[PDB]
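Single chain ahead, written as structure tokens, the form deposited in one PDB entry.
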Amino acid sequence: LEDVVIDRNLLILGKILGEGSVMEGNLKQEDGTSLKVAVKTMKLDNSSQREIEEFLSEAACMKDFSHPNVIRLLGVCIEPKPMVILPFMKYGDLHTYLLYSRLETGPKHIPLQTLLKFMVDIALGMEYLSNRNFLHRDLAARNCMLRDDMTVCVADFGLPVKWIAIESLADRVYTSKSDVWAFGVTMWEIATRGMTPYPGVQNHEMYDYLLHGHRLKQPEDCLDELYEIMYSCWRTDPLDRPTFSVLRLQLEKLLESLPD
């Protein structure tokens, strides 16, 4: 607590940004200046201090995370409900951004070079968490945030059937190679500019679908080289899947093989 806790009086809450749930707010910092934050309210099982122990545990680790492509944890505040304090990012989540991209008034058609750069950013972020054996367990375009410099950072980690790896559906187990699987789905979302995974397949059909060897199909405008990287993320054996440090360099290489 000594490290992550923030006095509730230093926090002012405002409108709802999404539904626990997310809310806007102002964090009064130690330099006197006030910072805009997003406050994620957390509903935990208070029948025991079990879930809160694991809550304050990760938060202490998450507050020490420092990487441009990984979201920053500012701290936690208590009411007795905990609340995660994160930086506010006005450009919002990447998923909505991709959709807007396909509408006039909204952002310009995102070229492929920019789409890969989104993937690289996420891969770099995941590479950082992976190096610290920290699992995300909920990676998706909706959880990837755009910084004010339009660089992507990963979020919502710590503390969705169509993103869950095949092993994690049956055995109900989670490894970093399960995050790689979700990362490949995230790549698909980006390459399709916001499509929902597995059109035609309902959620209750996903296990038999995957179990029979069927995977996400290649988008029309997607390069064979880019879909290879995506596909390698969905290999049945988690050991056959590449690490984030391999994926990251694959994407950096491919992006550099393109013009501006």
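So that the term is clear: the rigid core is the largest set of C-alpha atoms that superpose within 1.5 Å between two forms. Throughout, we count residues from 1 along the sequence that is shown.
Note that the form deposited in another entry isn't included here; everything after this is about it.
Answer among 64, 45, 225, 221 for the CA shift between this form and the one not shown that reaches 2 Å or more, rigid core superposed: With the rigid core fitted, the residue that moves is 45.
Using a rigid core superposition, assess whether residue 29 undergoes a CA shift of 2 Å or more between this form and the one not shown. Yes, its C-alpha moves 2 Å or more.
Hey, the CA atoms of residue 51 and residue 183 end up closer or farther in the other form than in the shown form, with the change being 3 Å or more? Note: Cα gap between residue 51 and residue 183 widens in the other form.
Assuming the CA distance changes by 3 angstroms or more, are residue 175 and residue 53 closer together or farther apart in the other form compared with the shown structure? Farther apart, by at least 3 Å.
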